[PDB]
Amino acid sequence: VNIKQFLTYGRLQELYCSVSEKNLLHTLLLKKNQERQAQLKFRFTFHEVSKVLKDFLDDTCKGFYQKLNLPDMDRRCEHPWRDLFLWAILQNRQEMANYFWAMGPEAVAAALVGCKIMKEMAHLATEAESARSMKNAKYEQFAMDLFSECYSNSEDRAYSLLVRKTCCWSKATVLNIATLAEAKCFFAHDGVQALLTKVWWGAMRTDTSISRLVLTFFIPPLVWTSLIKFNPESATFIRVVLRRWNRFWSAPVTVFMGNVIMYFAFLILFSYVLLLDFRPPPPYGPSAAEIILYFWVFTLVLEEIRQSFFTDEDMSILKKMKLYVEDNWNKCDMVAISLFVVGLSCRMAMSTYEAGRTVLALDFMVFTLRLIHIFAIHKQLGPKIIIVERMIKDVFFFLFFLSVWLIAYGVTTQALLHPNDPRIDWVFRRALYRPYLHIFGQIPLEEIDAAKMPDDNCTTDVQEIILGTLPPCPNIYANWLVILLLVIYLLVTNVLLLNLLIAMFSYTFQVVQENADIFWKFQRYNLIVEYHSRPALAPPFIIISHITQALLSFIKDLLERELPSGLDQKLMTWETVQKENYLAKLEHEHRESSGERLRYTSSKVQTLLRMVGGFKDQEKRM
Amino acid sequence: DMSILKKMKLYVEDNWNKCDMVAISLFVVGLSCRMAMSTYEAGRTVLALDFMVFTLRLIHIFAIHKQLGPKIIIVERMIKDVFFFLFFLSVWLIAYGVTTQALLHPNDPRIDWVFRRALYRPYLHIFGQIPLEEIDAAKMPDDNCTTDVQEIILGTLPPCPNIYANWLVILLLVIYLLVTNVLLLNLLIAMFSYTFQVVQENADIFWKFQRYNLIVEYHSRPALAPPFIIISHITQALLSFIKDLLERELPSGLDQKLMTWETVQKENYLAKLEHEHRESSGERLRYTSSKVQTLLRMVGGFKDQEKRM
Ligand SMILES: C[C@@H]1CC[C@@]2(OC1)O[C@H]1C[C@H]3[C@@H]4CC=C5C[C@@H](OCC[C@H](CO)CO[C@@H]6O[C@H](CO)[C@@H](O[C@H]7O[C@H](CO)[C@@H](O)[C@H](O)[C@H]7O)[C@H](O)[C@H]6O)CC[C@]5(C)[C@H]4CC[C@]3(C)[C@H]1[C@@H]2C
Ligand SMILES: C[C@@H]1CC[C@@]2(OC1)O[C@H]1C[C@H]3[C@@H]4CC=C5C[C@@H](OCC[C@H](CO)CO[C@@H]6O[C@H](CO)[C@@H](O[C@H]7O[C@H](CO)[C@@H](O)[C@H](O)[C@H]7O)[C@H](O)[C@H]6O)CC[C@]5(C)[C@H]4CC[C@]3(C)[C@H]1[C@@H]2C
Ligand SMILES: C[C@@H]1CC[C@@]2(OC1)O[C@H]1C[C@H]3[C@@H]4CC=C5C[C@@H](O)CC[C@]5(C)[C@H]4CC[C@]3(C)[C@H]1[C@@H]2C
Ligand SMILES: C[C@@H]1CC[C@@]2(OC1)O[C@H]1C[C@H]3[C@@H]4CC=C5C[C@@H](O)CC[C@]5(C)[C@H]4CC[C@]3(C)[C@H]1[C@@H]2C
Ligand SMILES: *[C@@H]1O[C@H](CO)[C@@H](O)[C@H](O)[C@H]1NC(C)=O
Ligand SMILES: *[C@@H]1O[C@H](CO)[C@@H](O)[C@H](O)[C@H]1NC(C)=O
Ligand SMILES: [Ca+2]
Ligand SMILES: [Ca+2]
C-alpha cells in the first residue's frame with residue numbers, strides 16, 4: 001500500500017467522517033458544523049477540521065485544507081503522513097499516531113504539535129479516562145529523544161533544525177511550536193539551552209568570563225582590547241572599530257546588563273523624587289528631577305507600545321495585543337504606567353495632591369516589584385519566583401479559613417468586651433485587625449485581661465464614647481471566658497492554622513524544587529528571548545533607538561530563519577535518518593529486554609515441546 | 001620542600017587559614033589604632049570584632065565528633081541559602097519601606113531616618129518588632145511633634161507622622177506581615193530544610209572526610225600549644241640550623257611484594273565481579289534464550305533428518 005497514492009483529499013475527508021461518534025473529535029466537529037449551519041453526502045467537511053485545528057494551534061494550520069477553497073477530492077494530499085498523524089491525534093489514537101509520526105518527515109515539529117493538541121484536548125476532556133490517557137501522551141518525550149539523537153549526531157544541523165521554517169507546518173519554527181505547546185521540558189534540552197547561550201552572548205564567545213564582561217561594560221574603551229574574545233565572522237579602521245563596538249554593545253547579555261543598571265538608576269531617582277524632592281502643585285511646580293522622571297516613564301511607555309504593537313513582525317493587531325497582555329510582566333508594567341499617570345494627574349492639582357503622592361508611592365512599589373523578573377537569569381533565584389507565585393495561591397486559599405475563624409472569634413470577643421461601643425470602625429478594628437495581629441505576637445492583654453487593665457480614665461456613656469472624649473470601659477462581666485477564648489485562639493490560630501499554611505508552603509516548595517531545573521531553563525529561555533528582541537539602548541536612552549527604528553521604517557534573524565531549498569531538503573533527510581536510527585535503537589533495546597526474552601523463551605519452549613513430542617512419537621513408531 | 005608560591009597557595013586554599021589570617025590582621029590593626037589616643041575607640045572596636053573572629057575560629061574542633069561535624073557543613077550551605085534569599089528580601093523590603101516612608105513621613109528630609117524607616121524597621125517586623133504607635137493613627141501618642149522641616153532637621157522635636165490615608169498604611173503593614181513573616185520566612189526555612197536533608201543523607205561521608213582533615217592537621221602540628229609553641233618553633237629552627245606515619249618509602253623487595261599482592265587482590269575482585277555477573281537474572285535470561293534458539297535450530301534439523309527416515 002502506497003500512502004502517497006492511497007491518501008487523496010476525498011479519502012481523508014471520508015476518514016474524518018468515519019469517527020466513532022463516542023470520542024471528543026466527533027463532538028467538536030458537530031459543534032463546528034452546527035455553527036456553520038447557523039451562520040449559513042459528507043457528514044463532515046474540511047472546513048470543520050480546519051476550525052477544530054484552529055482551536056488548538058490557530059496559526060500552524062494556515063490553509064492546510066483551505067487551499068485549492070476546498071481542494072480537489074481526487075488529488076493526493078501533499079503531506080499524507082502529516083494529515084494522517086493529525087487525524088489519528090485528534091481522536092486520542094496514540095499507537096496509530098505514533099506509527100504515522102515514525103513515517104513522517106518533520107518529526108520533532110510533529111511531536112511538539114501532538115503534545116500541544118493532547119494537552120488542549122485534555123483541557124477539553126469530555127470524559128475522564130481519555131483525559132488521563134491524554135495527559136500521559138509522551139510526545140514531548142519523543143521530540144526530546146529525537147532531538148537528543150540529532151544534537152549528539154551533528155550539533156550544528158541541530159541548531160538549524162531548531163530555527164528553520166518547517167515545510168509541513170506552514171513555515172512554523174520548531175521553537176515556535178514548542179512555545180505554542182509550552183513544552184518546558186523541550187526548552188530544557190541541552191541543545192536548546194546551548195542555542196540560547198549562543199544567542200545570549202551574541203558575537204562574544206560563550207566561555208567569556210563574567211568579570212571580564214562586566215569590566216569591559218564599565219570601561220567601554222577596553223572593548224577594543226583582546227580582553228573579550230569574539231566569534232569568527234582610515235575608512236577601514238573606523239569601520240572595524242565601529243563593528244567591534246556594535247558587536248559588543250548589541251549582545252543580549254550587555255543589553256540586559258544596561259537595562260538592569262538603568263532600572264536601578266530609575267528606582268533610585270523615583271525614590272529621590274518621592275522622598276526628598278516632591279514639591280507642591282504646579283503653582284510651586286514639580287522639580288526638575290520630577291520632570292526627568294516623567295521623561296523616563298514616557299520612554300518606558302514608548303517601550304511598552306513598541307512591545308505591544310510593533311514587536312517583531314506583521315500579524316493581526318488584535319492578535320499582537322492579545323500576545324502582549326498574555327504576559328503577566330506586561331500587565332504588571334501596564335499597572336505601573338497607569339498608576340504613574342494617575343498619580344501625576346492628581347499631583348497636578350492642589351485638591352488631589354495628597355492622593356497623587358499616595359498613588360505615586362504605590363507606583364514605586366509596583367515598579368520595584370517589577371524589577372524581580374531579572375532573577376530568572378540565575379539558577380538559584382529563578383525557580384523561587386515560581387515558588388512565590390504558587391505560595392501566594394496557597395495564601396489565597398488559606399485566607400478563607402482564616403477569615404471565617406477570625407470573624408467568629410473577633411465578633412465574639414467584641415460582643416463580650418465592648419457590647420456598648422457603637423462605632424463601626426472600632427468594631428472592625430477589634431474584630432479583625434487585633435486578632436490578626438495576635439498571629440504576629442501583638443497580644444495587648446491590657447485591653448483583654450481585667451487584672452491587666454489599667455486605671456485609665458474611661459467612660460460608659462455611649463455619647464461620650466462616640467464623641468471620642470474618653471475611651472470606652474471594657475466589659476469585665478465574664479473575663480475568664482474572654483481569657484479562655486484568647487488562649488484557645490492563640491493555640492488554634494498561631495500554631496494549628498499558621499502551620500497548616502506552612503505545610504501547604506512546604507508541599508508547594510517540594511513540588512517546584514523537584515522540577516527546578518526544567519522551570520529555570522524555561523525561565524531562562526523566556527528571558528533570553530525577551531532581551532534578544534529588545535533595542536540595544538536602555539531607557540531613557542531607548543528613545544534614540546525608537547526614533548532610529550521609526551526613521552528606518554519611513555525611509556526604507558538568529559531564530560526562525562528560512563533556508564535554501566537544497567539545504568532544507570538535506571536537513572529534512574538528515575533528521576529522517578536520525579529518527580530512523582533512534583527508532584532502530586529503541587527496537588533493539590526492546591528486543592533484548594528481560595520481558596521480551598522471557599516471552600521469546602516461553603514461546604519457543606512451547607514450540608519445542610510440540611515438535612519434540614512429534615519427533616518422539618515418530619521415533620517410537622520405529 | 002616545594003615552590004614557595006605553591007606552599008602559599010596550599011595554605012590560603014584552606015578557609016580556616018584565611019579565617020586565621022583575618023583574625024591576625026584585625027588584631028594587628030586594633031593594637032595599632034589602640035596605641036594612639038585619636039584612634040583608641042576604633043582600636044577597641046576592631047579588637048572586639050577580632051574576638052568575634054577568634055571565637056568563631058574555635059568552631060573547627062567540632063569535626064572530631066560525629067554529631068557536631070556535619071552541622072558545620074550544614075551551616076555553610078545554609079549561609080549560602082541566606083545569601084540567595086537576601087535578593088528577594090532586599091527587593092521586597094525596599095519596595096515596602098520606601099512606600100511606607102513616603103506615605104507616613106513625606107516631609108522628613110533626613111536620609112538616615114529615611115533608611116531607618118525604609119529598611120531597618122521592616123526588617124525588625126520579621127522578628128516581632130512591630131511599633132504600631134508609629135504606624136497606626138489610632139495608636140499614635142499625643143507626643144509633642146512638629147511639622148516644620150527646619151525643626152525636624154534640627155532634631156528639637158520628632159516629626160509628625162502623616163495620617164492622610166492611614167487605612168492604606170495599615171493595610172500595607174498587614175500585607176507585609178503576611179507576605180514576609182509567613183511566606184518569605186518559610187520559603188527560606190524550606191530552603192534550609194532541603195539543605196539539611198541533602199547533607200544529612202551523606203552525613204557519615206562528610207564527617208569522615210572532616211575527621212581525616214582534622215587528624216592530618218593535628219598530626220603535623222608541634223606538640224606544644226600556643227603560647228608555649230614558641231619553644232617548639234625555636235627547637236625546630238635550632239635543629240634545622242645545627243643539622244613519617246603517612247607517605248613512607250619502602251624497600252624495593254617489599255614494594256614489589258606489595259604491588260604483586262595488590263594485583264592479586266584486584267584479580268580476585270574482578271573474578272568475583274565476573275562470577276556475580278554470570279549468575280545474575282538478566283545474564284541467565286540471555287543465556288537461556290540464546291541456547292533455546294540454538295536448541296530450536298538443531299532440534300529442527302534433527303527432526304528433519306529423522307523424518308527422512
Ligand atoms: C496547660 C494549659 C494551659 C492553658 C490553660 O489550661 C492549661 O491554663 C489554664 C489557666 C486558666 C486561668 C487561671 C486563672 C484565672 C483567673 C480567674 O480570675 C478569677 C476571677 C476573679 C473574680 O471574678 C477576679 O480576680 C481578681 O480580678 C481583679 C481584677 O478584676 C484583680 O484586681 C486587679 O484589678 C485592677 C486590674 O485592672 C487593679 O486594681 C489591680 O491590677 C488589681 O487590684 C485581682 O487581683 C484578682 O484577684 C479568671 C480565669 C483565669 C484567667 C483562668 C482562665 C483559663 C486558663 C487560662 C486555663 C487554660 C485553658
Ligand atoms: C481575616 C483578614 C485579616 C486581615 C484583614 O482582613 C481580614 O482584617 C481587616 C480589618 C481591616 C481594618 C478594620 C478597621 C479599620 C479602621 C479604619 O479607620 C477608620 C478611619 C477613621 C477616619 O479616617 C479614623 O477613625 C478614628 O481615628 C482616630 C485617630 O485618627 C481615633 O481617635 C484616636 O485619636 C488619637 C490616637 O492617636 C487619640 O486622640 C485617641 O487614641 C483617639 O481619640 C478614633 O478612635 C477612630 O475612630 C482604617 C482601616 C482599618 C484599620 C482596616 C484596615 C484593613 C484591615 C486590617 C483588614 C485586613 C486586610
Ligand atoms: C478583607 C476584607 C475586605 C472587606 C472588609 O472586610 C475585610 O473590609 C472591612 C473594612 C470595613 C470598613 C472599615 C471602616 C469603616 C468606617 C466606618 O465609619 C463605617 C464602616 C467602614 C466603612 C467599614 C465597613 C466594612 C468594611 C469595608 C469591612 C469589609 C467586610
Ligand atoms: C545591605 C545594604 C548595604 C548598603 C546600603 O543598603 C543596605 O546600606 C544603607 C545604609 C545607608 C547609609 C545610612 C546612613 C547615612 C547617613 C546620612 O547622613 C547620609 C546617608 C547615609 C550614609 C546612608 C547612605 C545609603 C546607605 C549606605 C544604604 C545602602 C544602599
Ligand atoms: C479623670 O477625669 C476626671 C474629670 O474630673 C478627673 O478629675 C480625674 O483626675 C481624671 N483621672 C485621670 C486618671 O485622668
Ligand atoms: C509641647 O511644647 C510646648 C511649647 O510651648 C509646651 O507648651 C507643651 O506643654 C508641650 N507639650 C508636651 C506634651 O510636652
Ligand atoms: Ca514589558
Ligand atoms: Ca591555620
# chains A, B, ... in the order shown; residues from 1 in each chain; ligands from 1

call {"tool": "residues_near_ligand", "arguments": {"ligand": "ligand 6", "cutoff": "8 Å", "atoms": "only C-alpha atoms and all ligand atoms", "output": "number ranges by chain"}}
result
B: 142-145

call {"tool": "residues_near_ligand", "arguments": {"ligand": "ligand 8", "cutoff": "7 Å", "atoms": "only C-alpha atoms and all ligand atoms", "output": "PDB file with C-alpha atoms, in the first residue's frame"}}
result
ATOM      1  CA  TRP B  16      40.259  28.174  58.279  1.00  0.00           C
ATOM      2  CA  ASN B  17      43.648  29.543  57.279  1.00  0.00           C
ATOM      3  CA  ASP B  20      43.017  32.973  60.993  1.00  0.00           C
TER       4      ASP B  20
END

call {"tool": "interface_residues", "arguments": {"of": "chain B", "to": "chain A", "cutoff": "6 Å", "atoms": "only C-alpha atoms", "output": "ChimeraX atom specification"}}
result
/B:95,99,102,106,109,289,303

call {"tool": "residues_near_ligand", "arguments": {"ligand": "ligand 2", "cutoff": "6 Å", "atoms": "only C-alpha atoms and all ligand atoms", "output": "list in words"}}
result
residues 402, 403, 406, 425, 428, 429, 432, 433, 436 and 468 of chain A; 137, 138, 139, 140, 141, 167, 170 and 171 of chain B

call {"tool": "residues_near_ligand", "arguments": {"ligand": "ligand 1", "cutoff": "9 Å", "atoms": "only C-alpha atoms and all ligand atoms", "output": "compact mmCIF listing (two decimals) with N, CA, C and O atoms, in the first residue's frame"}}
result
# COMPACT_ATOMS: atom_id res chain seq x y z
N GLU A 446 -3.67 44.23 78.14
CA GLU A 446 -4.25 45.32 78.93
C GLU A 446 -5.64 45.70 78.45
O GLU A 446 -6.36 46.40 79.17
N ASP A 449 -7.43 41.27 79.39
CA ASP A 449 -7.42 40.75 80.74
C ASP A 449 -7.79 41.84 81.74
O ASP A 449 -7.20 42.92 81.75
N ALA A 450 -8.79 41.55 82.57
CA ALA A 450 -9.24 42.52 83.57
C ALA A 450 -8.15 42.85 84.58
O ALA A 450 -7.97 44.02 84.94
N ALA A 451 -7.41 41.84 85.06
CA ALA A 451 -6.36 42.08 86.04
C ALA A 451 -5.21 42.89 85.47
O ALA A 451 -4.41 43.44 86.23
N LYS A 452 -5.10 42.97 84.14
CA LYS A 452 -4.07 43.76 83.49
C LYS A 452 -4.60 45.07 82.93
O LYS A 452 -3.83 45.85 82.37
N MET A 453 -5.89 45.34 83.09
CA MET A 453 -6.46 46.57 82.57
C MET A 453 -5.98 47.76 83.40
O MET A 453 -5.99 47.69 84.63
N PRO A 454 -5.55 48.85 82.76
CA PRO A 454 -5.07 50.00 83.52
C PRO A 454 -6.20 50.76 84.19
O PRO A 454 -7.39 50.56 83.90
N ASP A 455 -5.82 51.66 85.09
CA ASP A 455 -6.76 52.55 85.76
C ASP A 455 -7.05 53.80 84.94
O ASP A 455 -7.39 54.85 85.51
N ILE A 476 -16.10 43.64 81.85
CA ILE A 476 -15.36 42.59 82.53
C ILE A 476 -16.33 41.60 83.16
O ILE A 476 -15.98 40.92 84.14
N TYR A 477 -17.54 41.51 82.61
CA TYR A 477 -18.59 40.68 83.21
C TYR A 477 -18.11 39.25 83.44
O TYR A 477 -18.05 38.78 84.58
N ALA A 478 -17.76 38.55 82.37
CA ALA A 478 -17.14 37.23 82.47
C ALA A 478 -15.80 37.33 81.75
O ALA A 478 -15.68 36.95 80.58
N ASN A 479 -14.79 37.81 82.47
CA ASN A 479 -13.47 37.98 81.88
C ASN A 479 -12.74 36.65 81.74
O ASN A 479 -11.88 36.52 80.87
N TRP A 480 -13.06 35.68 82.60
CA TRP A 480 -12.47 34.35 82.46
C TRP A 480 -12.79 33.76 81.09
O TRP A 480 -11.95 33.09 80.49
N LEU A 481 -14.00 34.01 80.58
CA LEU A 481 -14.37 33.50 79.27
C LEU A 481 -13.59 34.19 78.16
O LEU A 481 -13.17 33.55 77.19
N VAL A 482 -13.39 35.51 78.28
CA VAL A 482 -12.59 36.23 77.30
C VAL A 482 -11.16 35.70 77.28
O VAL A 482 -10.58 35.49 76.21
N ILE A 483 -10.59 35.47 78.46
CA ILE A 483 -9.22 34.96 78.53
C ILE A 483 -9.14 33.54 77.98
O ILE A 483 -8.18 33.19 77.29
N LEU A 484 -10.13 32.70 78.29
CA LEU A 484 -10.14 31.34 77.76
C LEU A 484 -10.26 31.34 76.25
O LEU A 484 -9.60 30.55 75.56
N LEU A 485 -11.10 32.22 75.70
CA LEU A 485 -11.22 32.34 74.26
C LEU A 485 -9.91 32.82 73.64
O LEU A 485 -9.53 32.35 72.57
N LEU A 486 -9.22 33.74 74.30
CA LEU A 486 -7.93 34.19 73.78
C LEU A 486 -6.90 33.06 73.80
O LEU A 486 -6.11 32.92 72.86
N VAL A 487 -6.90 32.25 74.85
CA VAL A 487 -5.99 31.11 74.92
C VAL A 487 -6.27 30.13 73.79
O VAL A 487 -5.36 29.66 73.10
N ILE A 488 -7.55 29.81 73.59
CA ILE A 488 -7.94 28.90 72.52
C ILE A 488 -7.57 29.47 71.16
O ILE A 488 -7.07 28.75 70.29

call {"tool": "residues_around", "arguments": {"residues": "residue 118 in chain B", "least_positions_apart": "5", "cutoff": "12 Å", "atoms": "only C-alpha atoms", "output": "list in words"}}
result
residues 271 and 275 of chain A; 90, 91, 92, 93, 94, 95, 96, 97, 98, 99, 100, 101, 102, 103, 104, 105, 111, 112, 113, 123, 124 and 125 of chain B

call {"tool": "write_last_selection", "arguments": {"atoms": "N, CA and C atoms", "output": "PDB file, in the first residue's frame"}}
result
ATOM      1  N   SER A 271      12.772  57.074  43.985  1.00  0.00           N
ATOM      2  CA  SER A 271      12.799  57.201  45.438  1.00  0.00           C
ATOM      3  C   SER A 271      13.232  58.597  45.863  1.00  0.00           C
ATOM      4  N   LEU A 275      10.672  60.855  48.042  1.00  0.00           N
ATOM      5  CA  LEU A 275      11.001  61.035  49.449  1.00  0.00           C
ATOM      6  C   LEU A 275      11.629  62.381  49.774  1.00  0.00           C
TER       7      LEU A 275
ATOM      8  N   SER B  90      15.670  41.855  50.012  1.00  0.00           N
ATOM      9  CA  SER B  90      16.046  43.246  49.794  1.00  0.00           C
ATOM     10  C   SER B  90      15.097  43.935  48.826  1.00  0.00           C
ATOM     11  N   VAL B  91      14.719  43.265  47.735  1.00  0.00           N
ATOM     12  CA  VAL B  91      13.802  43.893  46.783  1.00  0.00           C
ATOM     13  C   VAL B  91      12.462  44.184  47.447  1.00  0.00           C
ATOM     14  N   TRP B  92      11.911  43.184  48.143  1.00  0.00           N
ATOM     15  CA  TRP B  92      10.619  43.360  48.794  1.00  0.00           C
ATOM     16  C   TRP B  92      10.680  44.439  49.868  1.00  0.00           C
ATOM     17  N   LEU B  93      11.750  44.441  50.667  1.00  0.00           N
ATOM     18  CA  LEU B  93      11.865  45.413  51.744  1.00  0.00           C
ATOM     19  C   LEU B  93      12.064  46.818  51.202  1.00  0.00           C
ATOM     20  N   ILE B  94      12.830  46.968  50.121  1.00  0.00           N
ATOM     21  CA  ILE B  94      12.980  48.281  49.507  1.00  0.00           C
ATOM     22  C   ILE B  94      11.625  48.804  49.060  1.00  0.00           C
ATOM     23  N   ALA B  95      10.866  47.971  48.336  1.00  0.00           N
ATOM     24  CA  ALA B  95       9.555  48.407  47.864  1.00  0.00           C
ATOM     25  C   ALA B  95       8.663  48.833  49.027  1.00  0.00           C
ATOM     26  N   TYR B  96       8.495  47.942  50.006  1.00  0.00           N
ATOM     27  CA  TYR B  96       7.575  48.216  51.104  1.00  0.00           C
ATOM     28  C   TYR B  96       8.032  49.408  51.933  1.00  0.00           C
ATOM     29  N   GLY B  97       9.321  49.458  52.274  1.00  0.00           N
ATOM     30  CA  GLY B  97       9.811  50.511  53.141  1.00  0.00           C
ATOM     31  C   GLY B  97       9.750  51.879  52.501  1.00  0.00           C
ATOM     32  N   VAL B  98      10.129  51.984  51.226  1.00  0.00           N
ATOM     33  CA  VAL B  98      10.036  53.281  50.570  1.00  0.00           C
ATOM     34  C   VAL B  98       8.579  53.710  50.450  1.00  0.00           C
ATOM     35  N   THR B  99       7.679  52.777  50.122  1.00  0.00           N
ATOM     36  CA  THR B  99       6.266  53.137  50.036  1.00  0.00           C
ATOM     37  C   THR B  99       5.741  53.643  51.377  1.00  0.00           C
ATOM     38  N   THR B 100       6.056  52.935  52.463  1.00  0.00           N
ATOM     39  CA  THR B 100       5.538  53.332  53.770  1.00  0.00           C
ATOM     40  C   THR B 100       6.189  54.614  54.275  1.00  0.00           C
ATOM     41  N   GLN B 101       7.467  54.837  53.962  1.00  0.00           N
ATOM     42  CA  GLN B 101       8.108  56.089  54.337  1.00  0.00           C
ATOM     43  C   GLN B 101       7.497  57.263  53.584  1.00  0.00           C
ATOM     44  N   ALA B 102       7.192  57.077  52.297  1.00  0.00           N
ATOM     45  CA  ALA B 102       6.513  58.126  51.544  1.00  0.00           C
ATOM     46  C   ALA B 102       5.128  58.404  52.108  1.00  0.00           C
ATOM     47  N   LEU B 103       4.401  57.351  52.489  1.00  0.00           N
ATOM     48  CA  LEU B 103       3.047  57.540  52.998  1.00  0.00           C
ATOM     49  C   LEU B 103       3.035  58.174  54.383  1.00  0.00           C
ATOM     50  N   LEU B 104       3.995  57.828  55.235  1.00  0.00           N
ATOM     51  CA  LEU B 104       3.974  58.205  56.641  1.00  0.00           C
ATOM     52  C   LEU B 104       4.764  59.472  56.942  1.00  0.00           C
ATOM     53  N   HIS B 105       5.927  59.654  56.323  1.00  0.00           N
ATOM     54  CA  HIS B 105       6.788  60.808  56.576  1.00  0.00           C
ATOM     55  C   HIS B 105       7.255  61.407  55.257  1.00  0.00           C
ATOM     56  N   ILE B 111      18.236  61.630  55.634  1.00  0.00           N
ATOM     57  CA  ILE B 111      18.452  60.386  54.898  1.00  0.00           C
ATOM     58  C   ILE B 111      18.612  59.211  55.853  1.00  0.00           C
ATOM     59  N   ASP B 112      19.266  59.437  56.994  1.00  0.00           N
ATOM     60  CA  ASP B 112      19.470  58.351  57.947  1.00  0.00           C
ATOM     61  C   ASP B 112      18.138  57.824  58.463  1.00  0.00           C
ATOM     62  N   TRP B 113      17.187  58.719  58.730  1.00  0.00           N
ATOM     63  CA  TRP B 113      15.870  58.277  59.165  1.00  0.00           C
ATOM     64  C   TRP B 113      15.075  57.675  58.016  1.00  0.00           C
ATOM     65  N   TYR B 123      12.639  45.236  58.541  1.00  0.00           N
ATOM     66  CA  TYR B 123      13.407  44.052  58.897  1.00  0.00           C
ATOM     67  C   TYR B 123      13.080  43.595  60.312  1.00  0.00           C
ATOM     68  N   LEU B 124      12.937  44.540  61.242  1.00  0.00           N
ATOM     69  CA  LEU B 124      12.598  44.187  62.614  1.00  0.00           C
ATOM     70  C   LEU B 124      11.169  43.683  62.747  1.00  0.00           C
ATOM     71  N   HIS B 125      10.278  44.049  61.818  1.00  0.00           N
ATOM     72  CA  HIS B 125       8.949  43.441  61.808  1.00  0.00           C
ATOM     73  C   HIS B 125       9.028  41.919  61.729  1.00  0.00           C
TER      74      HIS B 125
END

call {"tool": "residues_around", "arguments": {"residues": "residue 189 in chain B", "least_positions_apart": "2", "cutoff": "10 Å", "atoms": "only C-alpha atoms", "output": "ChimeraX atom specification"}}
result
/A:502,506 /B:78,81-82,183-187,191-195

call {"tool": "residues_near_ligand", "arguments": {"ligand": "ligand 7", "cutoff": "7 Å", "atoms": "only C-alpha atoms and all ligand atoms", "output": "list in words"}}
result
residues 304, 307, 329, 330 and 333 of chain A

call {"tool": "closest_residue", "arguments": {"among": "B:175, B:65, B:59, B:23", "to": "ligand 3", "atoms": "only C-alpha atoms and all ligand atoms"}}
result
B:175

call {"tool": "residues_near_ligand", "arguments": {"ligand": "ligand 5", "cutoff": "8 Å", "atoms": "only C-alpha atoms and all ligand atoms", "output": "PyMOL selection string"}}
result
chain A and resi 455-458

call {"tool": "write_last_selection", "arguments": {"atoms": "N, CA and C atoms", "output": "compact mmCIF listing (two decimals), in the first residue's frame"}}
result
# COMPACT_ATOMS: atom_id res chain seq x y z
N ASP A 455 -5.82 51.66 85.09
CA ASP A 455 -6.76 52.55 85.76
C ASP A 455 -7.05 53.80 84.94
N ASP A 456 -6.92 53.71 83.62
CA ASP A 456 -7.12 54.85 82.74
C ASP A 456 -8.53 55.42 82.89
N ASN A 457 -8.70 56.63 82.37
CA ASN A 457 -9.95 57.35 82.58
C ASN A 457 -10.94 56.96 81.48
N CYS A 458 -11.92 56.14 81.85
CA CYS A 458 -12.80 55.52 80.87
C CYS A 458 -14.24 55.87 81.18

call {"tool": "closest_residue", "arguments": {"among": "B:135, B:61, B:174, B:199", "to": "ligand 3", "atoms": "only C-alpha atoms and all ligand atoms"}}
result
B:174

call {"tool": "atom_distance", "arguments": {"atom1": "atom 15 (C, counted along the ligand's line) of ligand 4", "atom2": "CA of residue 181 in chain B"}}
result
26.7 Å

call {"tool": "residues_around", "arguments": {"residues": "range 256-259 of chain A", "least_positions_apart": "4", "cutoff": "12 Å", "atoms": "only C-alpha atoms", "output": "PyMOL selection string"}}
result
chain A and resi 200-201+210+213-218+249-252+263-266+300+371+373-377+527-542

call {"tool": "atom_distance", "arguments": {"atom1": "CA of residue 136 in chain B", "atom2": "CA of residue 490 in chain A"}}
result
22.9 Å
